[PDB]
Amino acid sequence: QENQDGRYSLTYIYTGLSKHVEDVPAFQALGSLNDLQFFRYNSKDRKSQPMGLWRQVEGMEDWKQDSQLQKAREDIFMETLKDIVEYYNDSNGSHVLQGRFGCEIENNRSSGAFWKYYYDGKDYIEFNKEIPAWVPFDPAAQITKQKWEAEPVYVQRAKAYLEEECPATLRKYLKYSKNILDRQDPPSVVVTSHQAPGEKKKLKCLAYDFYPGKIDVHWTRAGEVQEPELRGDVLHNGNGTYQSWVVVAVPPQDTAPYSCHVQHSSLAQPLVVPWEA
Ligand SMILES: *[C@@H]1O[C@H](CO)[C@@H](O[C@@H]2O[C@H](CO)[C@@H](O[C@@H]3O[C@H](CO)[C@@H](O)[C@H](O[C@H]4O[C@H](CO)[C@@H](O)[C@H](O)[C@@H]4O[C@H]4O[C@H](CO)[C@@H](O)[C@H](O)[C@H]4NC(C)=O)[C@@H]3O)[C@H](O)[C@H]2NC(C)=O)[C@H](O)[C@H]1NC(C)=O
């Protein structure tokens with residue numbers, strides 16, 4: 001009777017667009033606790049709203065207050081994207097600035113942190129909290145490097161936000177979310193055959209209503225494992241559950257037995273469902 005393990009992750013993805021249409025929001029931000037997203041905010045609606053299972057959780061976060069400082073961040077974000085675009089003279093062109101910012105804890109202790117920006121998919125700038133300093137990866141990023149380090153203090157706060165302000169927020173959220181994130185829901189599995197007129201028969205094995213997401217689902221033909229013709233995976237965020245299915249194509253003659261094997265953490269011994277033809 002064996003391992004420790006309690007690692008939890010808090011991540012934000014920020015997205016801006018230089019050229020956007022009326023209905024499409026210019027700025028957007030969402031935050032995830034582990035693999036599940038707990039809140040979104042955009043520049044159109046201009047309101048911080050909780051998402052998924054976190055709609056029923058009260059008093060974890062002052063959403064009105066959060067909207068405020070989200071707005072603050074939106075300003076600094078787009079202003080940066082403007083500066084990149086203005087620098088490349090491509091004022092009229094559809095460009096993307098994406099920002100990833102986050103920390104994580106393992107066994108109650110800070111174990112890692114990251115703060116990185118991307119431009120049109122390419123590495124733009126990055127915080128090295130060891131120095132501490134920002135690290136340009138793009139010629140344009142030299143300007144931002146100078147702005148964000150204008151005062152020597154700024155670099156010290158950036159280190160503080162990652163190393164302390166973030167994990168502090170994480171733990172706070174964890175008081176309300178530990179129960180959610182720690183779930184070990186087993187999958188119900190369902191086998192289904194289907195025939196297309198001028199097509200080989202296809203056997204679908206669906207695993208559903210499970211969490212966490214890490215799952216092995218594979219077919220076997222008369223003992224040997226078969227490579228799937230197609231595999232599908234889904235996260236139902238409102239539900240806070242996962243769904244995953246695998247389809248194999250069985251030749252017209254084939255009389256050999258097919259069974260679906262599901263392996264998930266919430267199960268002691270593996271789950272096997274045979275296709276009762
Ligand atoms: C969280 O949310 C998700 C999505 O919002 C919910 O998904 C639903 O899950 C329930 C079970 O909790 C499913 O109920 C059905 O149960 C019977 C067994 O008693 C099964 O026969 C069903 O199996 C599905 O999949 C089969 C093969 O893949 C398919 O042949 C079958 O038709 C059925 O769903 C299919 O049919 C429906 C009806 O038209 C289609 O709408 C659906 O797209 C289709 N699915 C697929 C890809 O095959 C099935 O499990 C519901 O089917 C399922 N529905 C949805 C909208 O996803 C989930 O229930 C919920 N969980 C919790 C814990 O709250």
# chains A, B, ... in the order shown; residues from 1 in each chain; ligands from 1

call {"tool": "residues_around", "arguments": {"residues": "region 230-245 of chain A", "least_positions_apart": "2", "cutoff": "12 Å", "atoms": "only C-alpha atoms", "output": "PyMOL selection string"}}
result
chain A and resi 32-39+50-56+180-192+202-219+226-228+247-249+260-264

call {"tool": "write_last_selection", "arguments": {"atoms": "C-alpha atoms", "output": "PDB file, in the first residue's frame"}}
result
ATOM      1  CA  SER A  32      -8.476  26.007 -16.017  1.00  0.00           C
ATOM      2  CA  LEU A  33      -8.048  24.039 -12.817  1.00  0.00           C
ATOM      3  CA  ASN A  34      -6.219  20.934 -14.009  1.00  0.00           C
ATOM      4  CA  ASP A  35      -8.001  19.732 -17.179  1.00  0.00           C
ATOM      5  CA  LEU A  36     -11.275  21.555 -16.349  1.00  0.00           C
ATOM      6  CA  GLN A  37     -12.143  25.172 -17.171  1.00  0.00           C
ATOM      7  CA  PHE A  38     -13.698  27.196 -14.341  1.00  0.00           C
ATOM      8  CA  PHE A  39     -14.184  30.668 -15.889  1.00  0.00           C
ATOM      9  CA  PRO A  50     -17.808  30.955 -14.023  1.00  0.00           C
ATOM     10  CA  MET A  51     -18.062  27.845 -16.229  1.00  0.00           C
ATOM     11  CA  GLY A  52     -18.973  24.175 -15.877  1.00  0.00           C
ATOM     12  CA  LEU A  53     -19.243  22.557 -12.457  1.00  0.00           C
ATOM     13  CA  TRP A  54     -18.182  25.885 -10.947  1.00  0.00           C
ATOM     14  CA  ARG A  55     -21.554  27.538 -11.606  1.00  0.00           C
ATOM     15  CA  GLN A  56     -22.949  25.949  -8.399  1.00  0.00           C
ATOM     16  CA  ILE A 180     -14.291  18.052  -7.755  1.00  0.00           C
ATOM     17  CA  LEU A 181     -10.729  17.552  -8.998  1.00  0.00           C
ATOM     18  CA  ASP A 182     -10.176  14.439  -6.869  1.00  0.00           C
ATOM     19  CA  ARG A 183     -13.101  12.478  -8.360  1.00  0.00           C
ATOM     20  CA  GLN A 184     -12.550   8.916  -9.559  1.00  0.00           C
ATOM     21  CA  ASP A 185     -15.655   8.171 -11.621  1.00  0.00           C
ATOM     22  CA  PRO A 186     -15.625   4.781 -13.414  1.00  0.00           C
ATOM     23  CA  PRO A 187     -16.801   4.499 -17.032  1.00  0.00           C
ATOM     24  CA  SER A 188     -19.963   2.783 -18.193  1.00  0.00           C
ATOM     25  CA  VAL A 189     -19.149   1.075 -21.478  1.00  0.00           C
ATOM     26  CA  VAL A 190     -21.451   0.230 -24.399  1.00  0.00           C
ATOM     27  CA  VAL A 191     -20.790  -1.884 -27.519  1.00  0.00           C
ATOM     28  CA  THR A 192     -22.583  -1.106 -30.815  1.00  0.00           C
ATOM     29  CA  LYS A 202     -18.111  -1.500 -37.915  1.00  0.00           C
ATOM     30  CA  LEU A 203     -17.951  -2.121 -34.161  1.00  0.00           C
ATOM     31  CA  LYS A 204     -18.023   0.927 -31.891  1.00  0.00           C
ATOM     32  CA  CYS A 205     -16.933   0.766 -28.243  1.00  0.00           C
ATOM     33  CA  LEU A 206     -18.054   3.795 -26.225  1.00  0.00           C
ATOM     34  CA  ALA A 207     -16.741   4.662 -22.764  1.00  0.00           C
ATOM     35  CA  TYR A 208     -18.664   7.434 -21.001  1.00  0.00           C
ATOM     36  CA  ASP A 209     -19.345   9.314 -17.726  1.00  0.00           C
ATOM     37  CA  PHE A 210     -15.755   8.929 -16.466  1.00  0.00           C
ATOM     38  CA  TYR A 211     -13.109  11.170 -14.868  1.00  0.00           C
ATOM     39  CA  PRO A 212     -10.124  11.730 -14.992  1.00  0.00           C
ATOM     40  CA  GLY A 213      -9.492  11.666 -18.750  1.00  0.00           C
ATOM     41  CA  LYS A 214      -6.566   9.247 -18.968  1.00  0.00           C
ATOM     42  CA  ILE A 215      -8.093   6.044 -20.354  1.00  0.00           C
ATOM     43  CA  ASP A 216      -7.148   2.972 -22.393  1.00  0.00           C
ATOM     44  CA  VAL A 217      -9.880   1.731 -24.753  1.00  0.00           C
ATOM     45  CA  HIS A 218      -8.968  -0.859 -27.371  1.00  0.00           C
ATOM     46  CA  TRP A 219     -10.516  -3.799 -29.204  1.00  0.00           C
ATOM     47  CA  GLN A 226      -6.629  -4.153 -33.220  1.00  0.00           C
ATOM     48  CA  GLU A 227      -5.642  -0.654 -34.331  1.00  0.00           C
ATOM     49  CA  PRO A 228      -8.733   1.601 -34.385  1.00  0.00           C
ATOM     50  CA  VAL A 247     -14.302   1.939 -33.937  1.00  0.00           C
ATOM     51  CA  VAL A 248     -12.863  -1.112 -35.714  1.00  0.00           C
ATOM     52  CA  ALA A 249     -13.899  -2.457 -39.105  1.00  0.00           C
ATOM     53  CA  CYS A 260     -13.476  -4.301 -25.960  1.00  0.00           C
ATOM     54  CA  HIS A 261     -11.036  -3.631 -23.131  1.00  0.00           C
ATOM     55  CA  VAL A 262     -11.312  -0.531 -20.983  1.00  0.00           C
ATOM     56  CA  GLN A 263      -8.586   0.419 -18.532  1.00  0.00           C
ATOM     57  CA  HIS A 264      -9.123   3.385 -16.201  1.00  0.00           C
TER      58      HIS A 264
END

call {"tool": "select_by_dssp", "arguments": {"residues": "region 46-220 of chain A", "states": "strand (DSSP E)", "output": "PyMOL selection string"}}
result
chain A and resi 49-50+96-106+109-119+122-128+133-136+188-195+201-210+215-220

call {"tool": "residues_around", "arguments": {"residues": "residue 128 (chain A)", "least_positions_apart": "4", "cutoff": "12 Å", "atoms": "only C-alpha atoms", "output": "list in words"}}
result
residues 113, 114, 115, 116, 132, 133, 134, 135, 136, 145, 155, 156, 158, 159, 162 and 163 of chain A

call {"tool": "atom_distance", "arguments": {"atom1": "CA of residue 18 (chain A)", "atom2": "CA of residue 95 (chain A)"}}
result
5.5 Å

call {"tool": "residues_around", "arguments": {"residues": "region 71-73 of chain A", "least_positions_apart": "2", "cutoff": "12 Å", "atoms": "only C-alpha atoms", "output": "number ranges by chain"}}
result
A: 14-16, 27-29, 41-48, 64-69, 75-80, 99

call {"tool": "write_last_selection", "arguments": {"atoms": "N, CA and C atoms", "output": "short mmCIF file (atom, residue, chain, number, x, y, z; two decimals), in the first residue's frame"}}
result
data_model
loop_
_atom_site.label_atom_id
_atom_site.label_comp_id
_atom_site.auth_asym_id
_atom_site.auth_seq_id
_atom_site.Cartn_x
_atom_site.Cartn_y
_atom_site.Cartn_z
N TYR A 14 -4.85 33.51 -22.54
CA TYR A 14 -5.33 34.81 -23.01
C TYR A 14 -5.14 34.89 -24.51
N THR A 15 -6.18 35.32 -25.22
CA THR A 15 -6.11 35.43 -26.68
C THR A 15 -6.61 36.79 -27.17
N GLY A 16 -5.79 37.44 -28.00
CA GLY A 16 -6.17 38.69 -28.65
C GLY A 16 -6.10 38.58 -30.16
N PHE A 27 -10.76 40.37 -27.56
CA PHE A 27 -9.95 39.80 -26.49
C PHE A 27 -10.73 38.72 -25.75
N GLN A 28 -10.01 37.69 -25.31
CA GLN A 28 -10.62 36.58 -24.59
C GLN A 28 -9.65 35.96 -23.60
N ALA A 29 -10.19 35.46 -22.49
CA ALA A 29 -9.40 34.84 -21.45
C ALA A 29 -10.19 33.73 -20.80
N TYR A 41 -13.86 35.00 -19.83
CA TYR A 41 -14.10 36.44 -19.90
C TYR A 41 -13.72 36.91 -21.29
N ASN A 42 -14.58 37.72 -21.91
CA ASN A 42 -14.26 38.31 -23.20
C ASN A 42 -14.49 39.81 -23.23
N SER A 43 -13.97 40.47 -24.27
CA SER A 43 -14.03 41.93 -24.39
C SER A 43 -15.40 42.45 -24.83
N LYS A 44 -16.18 41.59 -25.48
CA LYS A 44 -17.54 41.94 -25.87
C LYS A 44 -18.42 42.02 -24.62
N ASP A 45 -18.81 40.86 -24.09
CA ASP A 45 -19.59 40.77 -22.84
C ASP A 45 -19.00 41.57 -21.68
N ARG A 46 -17.67 41.59 -21.60
CA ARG A 46 -16.92 42.37 -20.60
C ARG A 46 -17.22 41.95 -19.16
N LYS A 47 -17.61 40.69 -18.98
CA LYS A 47 -18.03 40.17 -17.69
C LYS A 47 -17.36 38.82 -17.41
N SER A 48 -16.79 38.67 -16.21
CA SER A 48 -16.22 37.40 -15.78
C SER A 48 -17.32 36.44 -15.31
N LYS A 64 -17.50 39.98 -9.72
CA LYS A 64 -17.58 41.41 -10.02
C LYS A 64 -16.20 42.06 -9.93
N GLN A 65 -15.49 41.78 -8.84
CA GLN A 65 -14.14 42.28 -8.63
C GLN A 65 -13.18 41.78 -9.71
N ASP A 66 -13.29 40.49 -10.05
CA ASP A 66 -12.41 39.88 -11.04
C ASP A 66 -12.53 40.55 -12.40
N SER A 67 -13.77 40.84 -12.80
CA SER A 67 -14.06 41.57 -14.04
C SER A 67 -13.20 42.82 -14.18
N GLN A 68 -13.07 43.55 -13.07
CA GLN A 68 -12.27 44.76 -12.97
C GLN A 68 -10.84 44.54 -13.43
N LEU A 69 -10.12 43.66 -12.74
CA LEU A 69 -8.70 43.48 -13.02
C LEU A 69 -8.47 42.69 -14.32
N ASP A 75 -6.38 45.61 -21.31
CA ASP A 75 -5.76 46.85 -21.79
C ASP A 75 -4.29 46.64 -22.14
N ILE A 76 -3.52 46.13 -21.18
CA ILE A 76 -2.08 45.91 -21.35
C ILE A 76 -1.79 44.88 -22.43
N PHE A 77 -2.69 43.90 -22.56
CA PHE A 77 -2.54 42.83 -23.54
C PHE A 77 -2.64 43.35 -24.97
N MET A 78 -3.77 43.96 -25.29
CA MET A 78 -4.03 44.48 -26.63
C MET A 78 -3.04 45.57 -27.02
N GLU A 79 -2.71 46.43 -26.07
CA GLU A 79 -1.71 47.49 -26.25
C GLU A 79 -0.37 46.91 -26.74
N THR A 80 -0.02 45.73 -26.22
CA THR A 80 1.17 44.99 -26.63
C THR A 80 1.03 44.46 -28.06
N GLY A 99 -1.39 34.44 -24.74
CA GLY A 99 -0.62 34.43 -23.50
C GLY A 99 -0.98 33.27 -22.59
#

call {"tool": "select_by_dssp", "arguments": {"residues": "region 10-229 of chain A", "states": "helix (DSSP H, G or I)", "output": "ChimeraX atom specification"}}
result
/A:52-55,63-87,141-148,154-181

call {"tool": "atom_distance", "arguments": {"atom1": "CA of residue 270 (chain A)", "atom2": "CA of residue 220 (chain A)"}}
result
13.7 Å

call {"tool": "closest_atom_pairs", "arguments": {"of": "region 139-167 of chain A", "to": "region 83-90 of chain A", "cutoff": "9 Å", "atoms": "only C-alpha atoms", "output": "CSV"}}
result
residue,atom,partner,partner_atom,distance
A:140,CA,A:84,CA,6.1
A:141,CA,A:84,CA,7.7
A:143,CA,A:83,CA,8.5
A:144,CA,A:83,CA,8.3

call {"tool": "write_last_selection", "arguments": {"atoms": "N, CA and C atoms", "output": "PDB file, in the first residue's frame"}}
result
ATOM      1  N   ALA A 140      10.781  42.042 -32.507  1.00  0.00           N
ATOM      2  CA  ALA A 140       9.804  42.978 -31.942  1.00  0.00           C
ATOM      3  C   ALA A 140       9.780  42.939 -30.418  1.00  0.00           C
ATOM      4  N   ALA A 141       9.957  41.742 -29.857  1.00  0.00           N
ATOM      5  CA  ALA A 141       9.899  41.515 -28.413  1.00  0.00           C
ATOM      6  C   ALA A 141      10.941  42.300 -27.616  1.00  0.00           C
ATOM      7  N   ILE A 143      11.277  45.526 -27.767  1.00  0.00           N
ATOM      8  CA  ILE A 143      10.551  46.723 -27.325  1.00  0.00           C
ATOM      9  C   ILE A 143       9.732  46.444 -26.062  1.00  0.00           C
ATOM     10  N   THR A 144       8.942  45.376 -26.095  1.00  0.00           N
ATOM     11  CA  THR A 144       8.158  44.938 -24.941  1.00  0.00           C
ATOM     12  C   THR A 144       9.065  44.698 -23.727  1.00  0.00           C
TER      13      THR A 144
END

call {"tool": "atom_distance", "arguments": {"atom1": "atom 24 (C, counted along the ligand's line) of ligand 1", "atom2": "CA of residue 252 (chain A)"}}
result
25.0 Å

call {"tool": "closest_residue", "arguments": {"among": "A:40, A:129, A:194, A:82", "to": "ligand 1", "atoms": "only C-alpha atoms and all ligand atoms"}}
result
A:194
